[PDB]
Every structure is written in structure tokens, then in C-alpha cells.
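Naming: A, B, ... by sequence-line order, numbering from 1 per chain. Below, each value reflects all heavy atoms present in this structure, side chains not excepted, and no hydrogens, waters or symmetry copies.
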Amino acid sequence: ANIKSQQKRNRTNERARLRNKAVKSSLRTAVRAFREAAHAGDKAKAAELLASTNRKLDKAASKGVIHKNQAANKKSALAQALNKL
Amino acid sequence: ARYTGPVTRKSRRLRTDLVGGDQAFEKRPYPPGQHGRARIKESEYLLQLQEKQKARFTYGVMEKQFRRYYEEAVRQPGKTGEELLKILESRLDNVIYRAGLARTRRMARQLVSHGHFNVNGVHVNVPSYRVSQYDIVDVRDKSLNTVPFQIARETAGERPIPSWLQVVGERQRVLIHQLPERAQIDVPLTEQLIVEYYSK
Amino acid sequence: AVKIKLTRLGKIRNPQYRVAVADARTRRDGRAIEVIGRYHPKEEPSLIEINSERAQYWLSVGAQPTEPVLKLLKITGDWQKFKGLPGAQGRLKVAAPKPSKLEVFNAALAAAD
RNA sequence: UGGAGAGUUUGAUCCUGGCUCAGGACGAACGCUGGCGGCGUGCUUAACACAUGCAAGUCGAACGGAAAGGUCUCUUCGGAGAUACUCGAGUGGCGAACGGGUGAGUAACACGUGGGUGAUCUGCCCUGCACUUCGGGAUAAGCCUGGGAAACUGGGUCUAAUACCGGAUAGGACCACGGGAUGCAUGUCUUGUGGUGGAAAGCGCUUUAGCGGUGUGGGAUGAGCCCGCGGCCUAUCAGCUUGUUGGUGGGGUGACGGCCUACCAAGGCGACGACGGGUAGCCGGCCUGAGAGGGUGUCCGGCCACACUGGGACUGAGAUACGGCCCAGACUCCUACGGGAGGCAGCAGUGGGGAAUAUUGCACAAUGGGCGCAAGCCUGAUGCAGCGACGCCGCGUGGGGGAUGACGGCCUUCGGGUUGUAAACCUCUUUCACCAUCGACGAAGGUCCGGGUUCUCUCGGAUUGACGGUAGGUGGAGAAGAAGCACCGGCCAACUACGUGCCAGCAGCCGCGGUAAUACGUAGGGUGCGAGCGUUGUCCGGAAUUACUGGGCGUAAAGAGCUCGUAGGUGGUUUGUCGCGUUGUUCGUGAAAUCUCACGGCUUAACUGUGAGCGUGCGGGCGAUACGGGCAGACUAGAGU
Ligand SMILES: [Mg+2]
Ligand SMILES: [Mg+2]
Ligand SMILES: [Mg+2]
Ligand SMILES: [Mg+2]
Ligand SMILES: [Mg+2]
Ligand SMILES: [Mg+2]
Ligand SMILES: [Mg+2]
Ligand SMILES: [Mg+2]
Ligand SMILES: [Mg+2]
Ligand SMILES: [Mg+2]
Ligand SMILES: [Mg+2]
Ligand SMILES: [Mg+2]
Ligand SMILES: [Mg+2]
Ligand SMILES: [Mg+2]
Ligand SMILES: [Mg+2]
Ligand SMILES: [Mg+2]
Ligand SMILES: [Mg+2]
Ligand SMILES: [Mg+2]
Ligand SMILES: [Mg+2]
Ligand SMILES: [Mg+2]
Ligand SMILES: [Mg+2]
Ligand SMILES: [Mg+2]
Ligand SMILES: [Mg+2]
Ligand SMILES: [Mg+2]
Ligand SMILES: [Mg+2]
Ligand SMILES: [Mg+2]
Ligand SMILES: [Mg+2]
Ligand SMILES: [Mg+2]
Ligand SMILES: [Mg+2]
Ligand SMILES: [Mg+2]
Ligand SMILES: [Mg+2]
Ligand SMILES: [Mg+2]
Ligand SMILES: [Mg+2]
Ligand SMILES: [Mg+2]
Ligand SMILES: [Mg+2]
Ligand SMILES: [Mg+2]
Ligand SMILES: [Mg+2]
Ligand SMILES: [Mg+2]
Ligand SMILES: [Mg+2]
Ligand SMILES: [Mg+2]
Ligand SMILES: [Mg+2]
Ligand SMILES: [Mg+2]
Ligand SMILES: [Mg+2]
Ligand SMILES: [Mg+2]
Ligand SMILES: [Mg+2]
Ligand SMILES: [Mg+2]
Ligand SMILES: [Mg+2]
Ligand SMILES: [Mg+2]
Ligand SMILES: [Mg+2]
Ligand SMILES: [Mg+2]
Ligand SMILES: [Mg+2]
Ligand SMILES: [Mg+2]
Ligand SMILES: [Mg+2]
Ligand SMILES: [Mg+2]
Ligand SMILES: [Mg+2]
Ligand SMILES: [Mg+2]
């Protein structure tokens with residue numbers, strides 16, 4: 001890069017990329033554990049995995065990583081996935 | 001630009017004495033040059049063209065400037081020959097001629113061009129300045145006690161003054177009453193062949 | 001941010017201006033949201049007009065004026081009647097007028113006789 | 001409120017019908033010539049390749065620090081003291097997505113205009129309401145070392161924060177059941193119970209220095225997405241389509257949706273031109289025209305697309321990320337051959353292409369923007385200047401007398417005629433240039449400074465203008481310093497002489513030239529224009545020669561060899577009704593500029609300010625029902641039996 005502040009901002013783009021990626025990668029595994037627990041038909045674990053997964057989607061939305069409507073659309077699809085079970 | 005040439009030559013070709021009083025004209029009223037005494041073909045285009053030339057060399061107006069005067073005259077309500085001769089009669093060098101301050105048209109043009117006048121207390125030096133209704137036409141205090149401005153003090157009688165403007169006593173100043181309509185316009189020319197010239 | 005700013009639209013040496021409500025992400029002579037007055041800094045006081053009832057709308061909704069427009073609102077009393085400052089009356093001043101076209105013309109006919 | 005024609009087919013005529021011309025226009029170019037000013041405007045071709053300098057930073061009132069400066073400073077006699085204003089590098093915040101450029105791609109919801117969004121997002125800004133609570137682990141810098149020719153990079157220690165991380169409590173997240181209003185089907189809005197949940201950060205202070213933080217209600221603004229309608233050529237392109245068209249369940253996004261996926265259905269589109277081919281950024285507008293139309297998209301203003309070529313994501317409120325990232329490709333450069341670097345379609349400039357398009361200018365004084373509590377710093381945006389008659393507009397180069405129709409030139413019927421009041425001479429005035437002098441407006445503000453406590457307010461001070469010692473004023477001298485270009489057979493204003501002899505040449509068309517050429521060349525005279533005048537190219541006009549306004553087809557070009565019939569277009573008399581067409585009115589919208597009109601300001605004009613039209617349309621509401629159409633009947637004249 002040429003401008004002095006674009007060298008600076010190239011360094012802070014990567015640190016924000018590693019921060020956002022580690023948060024988004026853990027949200028995939030939180031959903032994936034719930035999809036397996038809801039495929040066991042338990043409703044014992046899947047009641048309390050649903051409470052901890054929906055809590056993680058809220059905390060990602062408060063850290064600016066996902067959008068608040070993305071947290072809403074994913075919590076509503078996991079909660080209704082338990083009502084069928 | 002100006003013309004800056006002989007003045008009787010373009011009164012002989014147009015067959016009409018354009019300046020006031022000429023003994024060189026009326027010894028030869030026929031057109032100048034070596035084929036002057038001919039009996040010439042009078043085209044319809046020639047009657048429209050030479051009528052437009054009678055106004056350009058009366059008022060001292062170039063062709064691009066005279067055409068812009070036609071652009072608004074055809075575009076104002078009323079007529080077209082009325083409003084073209086009105087806005088030619090409102091130019092400052094023509095106003096000075098009608099008031100009697102100059103003998104001819106060309107000396108009326110320098111006295112405006114050399115800045116011997118004011119209008120509303122404002123020093124002007126443009127000869128195609130168009131005066132409006134209620135415009136005072138004053139004169140510079142430096143230009144008083146000058147030869148061409150005091151040689152026209154005693155000659156205030158031999159030419160008539162039109163009705164639309166007015167001259168007063170030793171404080172020389174010219175007051176415009178209204179814009180001149182038709183009847184107080186001096187007529188060496190008709191006003192319809194100019195209008196028919198620009199339709200070609 | 002919504003700004004109340006000036007808009008240069010005169011000749012080369014004659015900067016006429018319009019008091020316009022625009023966006024900050026916008027060039028000078030672009031689309032304004034609304035024109036709420038004008039400003040000619042070439043007369044001898046100046047020529048200042050603000051709409052002053054649409055100015056009271058745009059200030060009451062959050063439009064931040066620029067620093068020449070903020071001076072103009074203090075002269076017209078609009079910034080004072082918005083913030084609650086006591087100078088809410090207009091302290092603007094027009095030029096001392098000229099006698100009209102007819103009045104000078106008759107006073108030359110009165111002086112010549 | 002606004003419309004002109006002429007030439008040319010014939011021995012002559014009328015008609016038909018082509019061709020050519022006169023006018024306007026330009027981002028122009030070339031030829032001849034060239035005084036000044038005001039104000040516009042300038043790579044149309046190679047989205048070709050680019051040397052050098054600049055075009056985006058800011059905050060110490062976020063934080064650790066202390067390389068530079070200024071200090072109280074030890075006193076070294078060139079070594080000191082973070083305690084300290086101040087500040088290079090660094091972390092952190094905000095900005096960098098705006099502004100500026102270009103027009104390659106694009107025939108498309110790209111643009112224009114009008115709607116929808118009960119299908120959505122929106123940093124900073126404004127306001128209502130809540131809150132601002134406990135803790136923790138690092139690390140850049142620094143310091144010490146390793147690799148590398150470089151560009152850069154490794155490791156060990158070390159230190160902060162408004163950096164980061166984890167809890168407490170906080171409804172506009174989520175699930176289920178409720179009422180209550182609402183309609184336009186999915187529903188939306190408002191409230192209730194129960195069960196799950198998710199924030200924050202401090203820093204400064206002369207002693208009213210003051211700035212910030214987070215969650216939620218509502219605005220404002222910017223934006224996304226869908227739809228009606230409108231603006232090219234081509235059928236010597238006629239079958240296109242398989243995530244294709246629809247459904248269901250999941251996924252996905254800010255949001256609807258085949259946007260993606262699985263499964264099921266077998267559709268969708270097309271002669272009202274699908275699918276192809278060619279070309280093109282679209283528009284406000286500009287040019288022309290009496291209008292209707294036709295041509296065009298240059299300055300300026302709007303939206304879109306791109307940023308060496310192609311592809312991709314990251315960060316963020318927001319990304320075609322020009323002056324960011326990563327991969328691939330072409331090209332240029334560096335290398336110790338292991339590897340690295342670069343992207344003017346920013347401003348200025350260079351090369352090249354071309355008929356052809358400018359300075360490696362000045363300033364942040366004004367206006368707009370970024371950051372900052374603020375002073376300020378940044379700004380090739382912008383304001384201005386330079387260069388080019390490139391355009392438009394304006395003004396000069398003299399004026400008043402003056403016959404002795406002077407000299408000369410040209411013509412001559414040798415008498416004269418003409419250039420020509422034109423010179424000469426006498427005389428008047430100096431706009432501009434020139435010299436001298438004064439000297440701005442843009443600045444009811446920018447900074448400091450007393451009162452004016454605050455905010456504000458000015459008595460009033462200080463200095464602050466790139467343009468610029470410019471414009472403008474005043475003085476000085478003298479007609480003094482300043483005119484050319486085309487054309488003259490007809491259209492079409494303006495005619496003779498000599499030279500030449502189908503030669504040399506001219507010419508837009510008909511044509512002129514072969515020994516008396518108003519058409520070739522020069523001369524005199526003349527006409528049209530004038531700091532310009534011609535020529536070429538291009539567009540419209542004339543052209544009623546694509547004809548809606550506004551044409552034709554017996555013989556001039558033009559009725560299919562004839563019929564049947566599909567789509568389509570058109571339809572007798574009458575009752576009732578609907579109100580789609582049509583028509584009246586009103587509201588919303590049709591930006592600004594440009595254009596028309598009227599006033600104002602630049603000494604006038606161009607130019608520019610304001611007001612009103614215009615914006616022919618489109619949407620919403622409410623009237624009318626004659627005509628057209630729809631719907632529900634009647635009729636017998638057309639048609640058929
Ligand atoms: Mg920074
Ligand atoms: Mg993993
Ligand atoms: Mg979902
Ligand atoms: Mg003919
Ligand atoms: Mg024949
Ligand atoms: Mg013939
Ligand atoms: Mg030239
Ligand atoms: Mg030359
Ligand atoms: Mg210029
Ligand atoms: Mg180009
Ligand atoms: Mg620093
Ligand atoms: Mg800040
Ligand atoms: Mg950009
Ligand atoms: Mg620590
Ligand atoms: Mg916490
Ligand atoms: Mg909680
Ligand atoms: Mg499938
Ligand atoms: Mg779904
Ligand atoms: Mg589906
Ligand atoms: Mg193209
Ligand atoms: Mg016509
Ligand atoms: Mg353009
Ligand atoms: Mg351009
Ligand atoms: Mg290039
Ligand atoms: Mg993001
Ligand atoms: Mg950038
Ligand atoms: Mg660049
Ligand atoms: Mg350039
Ligand atoms: Mg060349
Ligand atoms: Mg500035
Ligand atoms: Mg500023
Ligand atoms: Mg310029
Ligand atoms: Mg010039
Ligand atoms: Mg002088
Ligand atoms: Mg003739
Ligand atoms: Mg001869
Ligand atoms: Mg000749
Ligand atoms: Mg001129
Ligand atoms: Mg031509
Ligand atoms: Mg033509
Ligand atoms: Mg036509
Ligand atoms: Mg015909
Ligand atoms: Mg027929
Ligand atoms: Mg025949
Ligand atoms: Mg025939
Ligand atoms: Mg037949
Ligand atoms: Mg046949
Ligand atoms: Mg039919
Ligand atoms: Mg009928
Ligand atoms: Mg029908
Ligand atoms: Mg308009
Ligand atoms: Mg005017
Ligand atoms: Mg005026
Ligand atoms: Mg205007
Ligand atoms: Mg209506
Ligand atoms: Mg019958």
C-alpha cells in the first residue's frame with residue numbers, strides 16, 4: 001500500500017478477521033450439537049442445549065459479529081426444531 | 001469595429017441621403033463607381049437587402065449586432081418594424097443626435113465613446129447603451145467648457161427635437177419621457193422590407 | 001449528517017449563494033433536499049434572507065448548520081428563537097434606500113422650470 | 001405570434017420524379033489575416049504505455065511512552081533530571097465507501113416517470129426514556145537476539161488503555177398461550193401472562209473549562225429490493241427453456257424470492273418477435289424546425305458502470321474498496337538468482353496515435369468536506385491565474401469642415417468618366433493601448449484582545465485576500481500605436497479592360513475556355529461582411545422525396561393470377577346499466593440549471609439574481625354520461641335459411 005494509514009488499517013483488518021472467524025466458527029458447532037441432540041429425540045439435553053445455543057447467538061449479535069436479524073432467524077429455527085420433537 | 005470610410009458613397013448606392021444635408025450627394029444621386037449610370041435590374045431581393053442597409057448606415061450598427069436587435073423585435077408583442085426602429089432609436093448615440101448636441105451621427109458616436117456623458121450619475125462610454133423611460137441623460141462636468149460641446153450650445157434650433165425627449169437650459173441634460181412609438185421617428189426608410197429580409 | 005450549507009451559483013467574480021439543506025455526503029452544487037433562503041455577500045450590508053419557518057423545522061429535526069450559515073441564523077434571529085437565547089428579534093439591516101425612478105425624474109422637471 | 005424558393009430531362013409544353021443550391025448550427029480542424037476587453041470553453045482518435053512531484057488524514061482532552069523543540073533545571077565542560085508544556089514512531093478511535101476521473105462493458109428494472117415495501121437496513125445528527133456494575137488475561141511500542149542481497153520476517157522478555165475477554169442486572173431477540181384494536185391474503189400494530197435471553201468507558205478541569213459510554217422509543221437522512229409505463233436496428237436470426245416453470249420441507253439473507261438444496265408436479269416463453277445478431281452509458285438537455293417531427297447526450301446538473309486484464313472475499317453503518325488485500329495473466333523494473341516491486345481513465349506533465357485540443361501555475365482568502373473540546377491540521381475538491389480568435393458578446397482603429405470634381409491608377413466614343421469629401425490642408429476630441437499616480441468590493445468572518453460573566457454581545461482594538469498593486473478612479477501627451485478576408489454568368493447583392501486560345505485553368509449544379517471569355521489569370525471598379533473571412537467534415541432545414549399533422553398506385557414507380565379462411569382491425573337500430581376509454585375539477589408529483597415572459601444587478605451586452613409560466617405526463621380523490629367499449633335484454637332493414 002501507499003498511504004500510511006492504509007498500512008495501519010491492513011493490520012487491523014486481519015485482527016478483526018481472526019476475531020470474527022473464531023466467533024462464527026463456534027456458532028456452527030453450537031448449532032451442530034443441537035441438531036444432533038434434536039435428532040436423538042431426547043428433549044432433555046435439547047431443552048438445555050437450546051438455552052445455551054440461543055444465548056450464544058445473542059452474544060455474537062452484541063459483539064457486532066452477526067446481525068441482530070441473523071440471530072433472530074437462527075434462534076427461531078432452532079426453537080421450532082424442538083417443538084416438532 | 002466601425003466602418004470608417006466614405007459616407008456619401010453608401011448614400012449613393014442606396015439612392016437615399018442618409019446624413020443630414022449633403023452637396024456631394026444630389027450632384028450624383030446614382031450609385032458610385034465606374035458602372036454607376038446604369039438602369040439596373042431591381043430584384044425583389046435587392047429591394048429587401050438595400051432597405052436593410054439603409055438602417056445599418058443610418059444608425060452605425062454592424063450586421064451581427066443588427067441581427068440581435070431583430071431577434072428580440074420579432075419576439076416582443078405588437079409589430080416587428082415598430083419594435084425594431086424603437087430599440088434603434090433608444091441607443092445613446094442616437095439620443096444625443098436627436099437632442100441636438102451633435103451635427104451628424106458619427107460625431108454623436110465619439111462623444112458617447114469618449115465618455116463625455118453620464119446617465120444616472122454613472123460614467124458610460126458605450127455607444128449602444130439603450131436608454132429607458134425616465135432616464136436622465138446628464139453630461140460630464142469636465143466636458144463642459146469644451147469646444148464640441150459649446151459649439152452645440154448656440155445651434156439648438158436648426159434641427160427639431162422629437163417629442164419623446166427634452167433638452168433644458170445651461171445645465172445641459174436630456175430627459176426621456178417615454179420610448180418613441182412611431183410618429184416621432186424620422187423616416188427615410190420603410191419598416192417592412194427589413195422584416196421580410198430575415199424570412200429568407 | 002444533514003447539513004444546512006451554502007451553494008455557490010453566481011458568475012466568476014460574483015459569488016451568489018443559496019441557503020440549502022443538504023447531506024454531508026454530497027458535493028456543493030448537487031441536489032439539495034430543500035432551499036430555505038439565499039445570501040448575496042456583495043451588497044453594502046449584504047443581502048440575507050432565510051425562510052425562517054422552514055429553518056425552524058430543519059433545526060428542530062437535527063440539521064447541523066455550517067459556520068457561515070450559523071452566523072446567518074444569528075443575524076436573522078432564527079438560532080436565538082430556537083435555542084432560547086434572548087436575541088430572537090431579527091437584527092438584520094437593509095441598505096439605506098434610493099429614491100425611485102419617477103421621483104428623481106419629476107424633481108428634474110421641477111428644477112428646470 | 002407563425003410556414004418564401006431557384007436551377008436542371010424538351011424544338012417548345014404540362015406533369016411526374018431524382019440530383020444540386022441559398023439558411024442555421026459546432027468540444028471543431030485547415031487557409032489568409034489579426035487590436036484590446038468581458039465571459040465561457042479545450043484528447044471527439046489509443047479504457048494506448050507512462051519518467052518525476054503532489055491528489056487523506058486527524059486526535060496527547062483514549063493509552064503507554066520520550067527520538068525532536070522549548071523550558072525550572074544539575075552543571076557536563078557536550079554528560080544530566082517524564083516530574084514537565086510539547087511531540088517522531090507505536091497501540092486505540094473516527095475518516096479513508098465521500099470528493100475527483102473515465103465512458104470500456106451494458107438493449108438491462110441500466111435509465112426516465114409513477115407506485116409498492118403488512119418483505120428491509122440505516123455510522124455520525126435530533127429528541128423522549130432507562131443506565132453507566134464487578135473482575136481477568138495479554139500485547140504493539142521498548143529492550144535483547146536470529147534469518148534475509150533486498151523487500152521484509154523469527155524468537156525471548158517487557159508495559160499500558162475508551163484494545164480485548166468473562167459474569168450481575170436491563171422487554172422491542174426467541175417460544176407458547178392471551179385479550180384489544182385493525183385489513184390488503186400472507187397479516188400488521190398495541191398490550192398481558194409464563195418460560196429462555198443479550199449492553200457500557202472513561203478522560204479532562206484556570207474552578208459553571210468541558211467532552212464522552214451502552215441499551216431502547218420516535219424522527220430526520222441515506223440506501224436496498226419488487227412492479228406499471230416509456231425511449232434503437234435486424235426474420236437473408238423461428239423454436240427457445242431442465243433450476244428451467246410451479247409446489248412442499250429445510251437452508252440462506254438486512255429483506256422477499258429457485259437465491260440455494262432435496263423431493264414432487266410437467267410446466268414456462270414465443271410471429272404484440274421468444275432465442276440469436278449488430279450497435280449504444282440513460283436523462284435534465286443541446287442543435288434544427290412554423291409546428292409535428294428528425295438528429296444528438298459535448299460544458300453544466302442527476303443516476304449508472306468501471307479503475308492494467310480476469311476472478312474472489314475480508315473489514316465495516318455502508319465497498320465496482322482509483323491512490324487497500326489475495327490468486328492468475330500480460331507488460332516494466334530490482335536481485336547476491338534464493339526472491340521481490342509496480343498500476344495517471346486524480347492535477348500537472350511525457351511518449352505515441354491523430355486534421356486536432358493547454359501550465360510539471362498560485363492559494364487555502366471564500367464555499368463544501370474529514371478529524372479534533374478547541375486553537376488548528378489536512379483538502380490538485382474548490383477558488384483563481386497561465387496558454388489557444390476555440391466560441392459568444394462588447395469597443396476601438398478617428399471626428400467636423402473641405403472641389404481646387406489636385407496627383408496617380410483604371411476606363412475612354414479622346415469630349416471626358418471614375419476611384420472621390422475620398423485625400424491634401426485648416427481644425428476638434430483621446431474610448432482603448434501608452435506613461436504616471438491612487439487603489440479596492442468580495443470579510444454584518446477568521447483569529448487573537450478589554451468590558452460583554454455563561455451562551456451571547458458589540459463600543460472597540462489587533463492583524464488576516466491566492467486573484468493583485470489587477471479591475472476601477474485620476475493625471476499626461478498627441479490622430480497620435482491599430483484592417484483585413486471572400487465574392488461579382490444564373491440562383492444571389494456586385495462589370496469592364498488587358499493576358500491566354502479546348503491550352504493553362506475554373507466549377508455546388510446547369511456548365512465556361514477552340515482569338516474580341518462580365519465564368520480562366522491579373523488590374524481597376526464594385527458588393528457582402530469585419531478582428532475576422534473562406535474552405536472541408538457533420539446534422540437538420542428547404543424535402544409534402546416515408547406524407548400523424550401532410551403523398552400516392554388505369555397509362556409516370558406502385559392492385560397479389562384468383563378465391564377461401566386463421567390471428568388481427570372494423571362494425572346496423574333500440575332500452576337499461578357500469579364508468580375502462582373520453583371529458584371537468586382538485587390534491588400530490590413533474591429537482592436545480594437551461595428555455596419563454598416581466599423586473600433587478602454587472603458602464604452596456606453576453607452573463608447573472610428573483611418572480612410567474614412551462615414541465616404536453618403520472619398517481620390519488622370527487623363530478624358528467626353524448627360518443628367508443630364491457631355487461632344484461634329488445635328489434636328486422638344488413639347477412640343467412
Ligand atoms: Mg490512525
Ligand atoms: Mg473447528
Ligand atoms: Mg430462517
Ligand atoms: Mg425539380
Ligand atoms: Mg425524355
Ligand atoms: Mg437544356
Ligand atoms: Mg483559424
Ligand atoms: Mg499565423
Ligand atoms: Mg480566458
Ligand atoms: Mg477519451
Ligand atoms: Mg505523535
Ligand atoms: Mg473521537
Ligand atoms: Mg470512490
Ligand atoms: Mg499487564
Ligand atoms: Mg462486561
Ligand atoms: Mg441475563
Ligand atoms: Mg433439483
Ligand atoms: Mg424458508
Ligand atoms: Mg423452497
Ligand atoms: Mg461503447
Ligand atoms: Mg417542415
Ligand atoms: Mg457528460
Ligand atoms: Mg469529458
Ligand atoms: Mg492503462
Ligand atoms: Mg461485516
Ligand atoms: Mg481507498
Ligand atoms: Mg492512481
Ligand atoms: Mg492527466
Ligand atoms: Mg503526430
Ligand atoms: Mg478551506
Ligand atoms: Mg473550511
Ligand atoms: Mg480556467
Ligand atoms: Mg479573445
Ligand atoms: Mg488616463
Ligand atoms: Mg445580380
Ligand atoms: Mg479577350
Ligand atoms: Mg474572373
Ligand atoms: Mg465582434
Ligand atoms: Mg458543408
Ligand atoms: Mg440535404
Ligand atoms: Mg420532412
Ligand atoms: Mg409522390
Ligand atoms: Mg385504390
Ligand atoms: Mg410504359
Ligand atoms: Mg407502371
Ligand atoms: Mg385483377
Ligand atoms: Mg406475375
Ligand atoms: Mg374474426
Ligand atoms: Mg355501434
Ligand atoms: Mg369487437
Ligand atoms: Mg425546472
Ligand atoms: Mg436583463
Ligand atoms: Mg441593466
Ligand atoms: Mg438566468
Ligand atoms: Mg386526476
Ligand atoms: Mg332476405
Side-chain angles (χ1 to χ4, degrees), chain A residues 1-13 15-17 19-20 57-76, chain C residues 1-101 103:
Chain A
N2 291 312
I3 306 300
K4 181 69 170 66
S5 292
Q6 189 62 255
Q7 276 92 243
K8 176 70 173 291
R9 184 75 72 173
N10 280 322
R11 292 191 291 268
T12 63
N13 283 324
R15 296 188 183 100
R17 184 181 65 82
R19 186 177 299 115
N20 294 322
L57 292 172
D58 283 329
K59 294 178 77 70
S62 67
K63 291 166 75 173
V65 173
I66 65 171
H67 197 272
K68 293 181 181 179
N69 294 324
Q70 186 178 359
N73 286 319
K74 291 185 185 294
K75 289 189 285 185
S76 178
Chain C
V2 182
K3 302 294 288 296
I4 306 169
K5 62 175 76 175
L6 295 178
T7 302
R8 169 73 176 269
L9 46 88
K11 290 172 73 176
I12 178 167
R13 272 71 174 266
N14 296 109
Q16 313 290 320
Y17 291 106
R18 290 182 181 174
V19 175
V21 176
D23 194 2
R25 297 282 174 85
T26 303
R27 51 186 291 165
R28 279 201 285 104
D29 50 356
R31 295 182 71 99
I33 301 166
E34 187 182 4
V35 172
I36 59 166
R38 60 177 180 172
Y39 171 66
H40 298 169
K42 295 299 292 293
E43 285 82 4
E44 289 292 324
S46 291
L47 190 141
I48 300 168
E49 292 85 4
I50 311 297
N51 196 354
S52 182
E53 67 264 6
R54 295 296 297 166
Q56 296 295 318
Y57 174 73
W58 286 108
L59 291 172
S60 70
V61 82
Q64 299 297 114
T66 65
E67 61 89 19
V69 179
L70 185 64
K71 298 280 101 173
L72 293 176
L73 295 174
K74 294 176 192 294
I75 296 168
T76 60
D78 285 327
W79 191 77
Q80 285 83 9
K81 69 177 74 175
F82 176 66
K83 290 277 99 172
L85 270 296
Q89 71 276 22
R91 65 179 180 89
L92 81 160
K93 61 187 185 70
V94 301
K98 55 98 178 176
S100 67
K101 189 73 173 179
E103 293 178 352

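In this structure, the separation between NZ on A/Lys68 and OG on A/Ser62 is 9.0 Å, given to the nearest 0.5 Å. Separation of atoms CD (C/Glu49) and CG (C/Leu72) is listed at 10.5 Å; rounding is to 0.5 Å. Note that CD of C/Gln56 is 9.5 Å distant from CD1 of C/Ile36, once rounded to the nearest 0.5 Å. Taking CD of C/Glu67 as the reference point, atom CG of C/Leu70 lies at 8.5 Å (rounded to 0.5 Å). Expressed to the nearest 0.5 Å, how far CD1 of C/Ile75 lies from CG of C/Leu92 amounts to 8.0 Å. For the atom pair NE2 (C/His40) and OH (C/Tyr17), the distance works out to 10.5 Å, reported to the nearest 0.5 Å.
The nearest pair of heavy atoms linking A/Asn2 to A/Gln7 is N-OE1, 3.7 Å. Between C/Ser46 and C/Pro41, the closest heavy-atom pair is OG-CA, 4.1 Å. Listed here is the closest heavy atom pair of A/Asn10 and A/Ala1: ND2-CB, 4.0 Å. Closest approach of C/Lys42 and C/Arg13 over heavy atoms only: NZ-O, 3.3 Å. Heavy-atom minimum distance, C/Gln16 versus C/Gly10: CG-CA, 3.7 Å. Across every non-hydrogen atom of C/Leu73 and C/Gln80, the tightest pair is O-OE1, 3.6 Å.
Distance alone, capped at 3.5 Å, places no donor-acceptor pair between the A/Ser76 side chain and the A/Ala72 backbone. Of the possible donor and acceptor atoms, one in the side chain of C/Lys5 sits under 3.5 Å from a partner among the backbone N and O of C/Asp23.
Between the side chains of C/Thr7 and C/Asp29, not a single donor N or O lies within less than 3.5 Å of an accepting N or O.
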**Prompt:** Going through the distances and angles, do C/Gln64 and C/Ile4 end up as a side-chain contact (heavy atoms from CB on, under 4.5 Å)?
**Reply:** CA-CA 6 Å; C/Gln64 299 297 114; C/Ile4 306 169; over 6 Å; no
**Message:** Test side-chain contact (heavy atoms from CB on, under 4.5 Å) on C/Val35 and C/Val19; report intermediate values, then the result.
**Reply:** CA-CA 6 Å; C/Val35 172; C/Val19 175; over 6 Å; no
**Message:** If you apply the rule side-chain contact (heavy atoms from CB on, under 4.5 Å), what do you find for C/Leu9 with C/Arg18, and how did you get there?
**Reply:** CA-CA 8 Å; C/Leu9 46 88; C/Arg18 290 182 181 174; 3.7 Å; yes
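With a 4.5 Å cut-off on side-chain heavy atoms, C/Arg54 and C/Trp58 count as touching. With a 4.5 Å cut-off on side-chain heavy atoms, C/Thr76 and C/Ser52 do not count as touching. At least one side-chain heavy atom of C/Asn51 sits less than 4.5 Å from a side-chain heavy atom of C/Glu53. The side-chain heavy atoms of A/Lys75 and A/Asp58, taken from C-beta on, include a pair separated by under 4.5 Å. In this structure, the side chains of C/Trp79 and C/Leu85 come closer than 4.5 Å at one or more pairs of heavy atoms.
Remark: C/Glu44 CD is loosely packed, at most 12 non-hydrogen atoms of other residues, nucleotides or ligands lying under 6.0 Å away. In this structure, C/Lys83 places its NZ atom where only 12 or fewer heavy-atom neighbours from other residues, nucleotides or ligands lie under 6.0 Å away.
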